[PDB]
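Starting off, we have a lone chain in the form deposited in one PDB entry, written out as structure tokens.
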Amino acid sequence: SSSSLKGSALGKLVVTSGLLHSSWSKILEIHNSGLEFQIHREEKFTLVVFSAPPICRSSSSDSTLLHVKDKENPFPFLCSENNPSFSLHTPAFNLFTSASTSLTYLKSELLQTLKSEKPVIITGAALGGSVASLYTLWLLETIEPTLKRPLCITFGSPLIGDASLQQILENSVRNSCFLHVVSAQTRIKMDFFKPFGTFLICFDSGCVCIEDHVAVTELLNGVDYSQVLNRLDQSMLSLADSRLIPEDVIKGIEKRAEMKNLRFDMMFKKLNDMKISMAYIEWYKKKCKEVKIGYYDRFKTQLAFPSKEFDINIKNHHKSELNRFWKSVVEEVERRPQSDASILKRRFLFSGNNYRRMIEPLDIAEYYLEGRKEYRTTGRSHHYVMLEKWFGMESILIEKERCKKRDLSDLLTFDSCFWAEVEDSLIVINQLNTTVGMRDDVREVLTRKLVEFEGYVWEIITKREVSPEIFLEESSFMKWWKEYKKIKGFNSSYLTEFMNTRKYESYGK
């Protein structure tokens, strides 16, 4: 029974380490109906204490809703596409919002203390506990497991958030930062408000540590803490022991944990299947280049008019699975990192970079055949932008060298939104050729758009950052070139001289 043993031992370990006694002593010192605080920069660690007025019984269940686009929302970093909103307990939110004033400077102090590798603890009693959590959740707006994060220790506090919040903080790093010390005699009304984080439950003859929120629900659903800390201290040298939680809860915790471990191993196993799928895409791309179309235009045509058997399999089996897998990977690692030195260690990061640069063009084809505009700023999905950012962060720390006498045939274009630009340019050109009664300010801005695109194209060609397959006869880039050559006239430039003399037929040789 791994989970039962761990829970008992971890409660025992935290009790022996000695943070409850120090934190509670500081709380007792600040105490023995407003919001106050104290700061102690001891040699061991910097410790911040909040005190706050007693508990309102009538106002126990009111909450304020927040939203991403709302501007009074202080925590916009933690709401997402699957959770665009969350709601918070009202009185503690008001206390925190009022106190924001000088704890801005305190935030500078505490973040600077953390960056120098010293521990920081934020703690409070019952209502001051909730406020403390808010302050901690305010400091956590920047996370990487290379750098430190605060720890919150909370003695007998009410819940603050609802199920949307505990869904945001379900299996993430931001859970590991909270520690709620609650006697087994307190009962909670969890119809609306929910628990997040890790809990320490203090029985009479021992204590237990539980990280699962279902079990907290099953144990606490429906005191004075100096005595319970004394009782734990005395029970430390007990001569006899029982099991303080029932075995039904143990079975539940074990079951869920085993499921989670299996699902962790599953993606490590499935990455190799994904690589065989990409190999199929490689041979598809090779044939699409042998027939002088390019795989982007072949994919687009066969999406409009399906006629072939290989292409339906490409789209419906290989690309669909690849998209599903990589969305899952990005959804999972951006709440729970790898390797504690970098999320997405090295096989996932470099495979994901290759996947993005091979597979996004087809997502652009789908987007623009379906009848949409402005892909880059309004259309591309989250996992693509995350993959680009994470790889670019590390690509600056590695040494490499690009030869100027190579064969570029098998290069993948570094900007995976190249075809989005081409589609936008084609849209603009046809809107010029088809419009009537159009003003001249708009005509001038459209000419600005064309000149901008010309600059972008010449700067990727000259830098050797595009693949020669954009020069294949039945490409869309060549349709853009033909129509722009018509609507241009004789205004010669660098790009026009490159194309006209037919020097594009030796690029990348």
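In this text, rigid core is short for the largest set of C-alphas that superpose within 1.5 Å between two forms. One-based numbering along the sequence shown.
Although not depicted, the form deposited in another entry is the subject of the following passage.
Asks: If you fit the rigid core and then compare C-alpha positions between this form and the one not shown, only one of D241, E117, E309, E290 moves by 2 Å or more. Name it.
Replies: Between the two forms, the residue that moves is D241.
Asks: Please state whether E374 has a C-alpha shift of 2 Å or more between this form and the one not shown, with the rigid core used for the fit.
Replies: Result for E374: no, shift under 2 Å.
Asks: On a core-based superposition, does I143 travel 2 Å or more at its Cα between this form and the one not shown?
Replies: Yes: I143 shifts by at least 2 Å between this form and the one not shown.
Asks: Would you say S339 moves its Cα by 2 Å or more between this form and the one not shown, aligning on the core?
Replies: Result for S339: yes, a 2 Å-plus shift.
Asks: Are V120 and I143 closer or farther apart at their Cα atoms in the other entry than shown, with the shift being 3 Å or more?
Replies: It is closer: the C-alpha separation of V120 and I143 falls by at least 3 Å in the other entry.
Asks: Given that the shift is 3 Å or more, do the Cα atoms of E170 and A341 end up closer or farther apart in the other entry than in this form?
Replies: It is closer: in the other entry, the C-alpha atoms of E170 and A341 lie at least 3 Å nearer than they do here.
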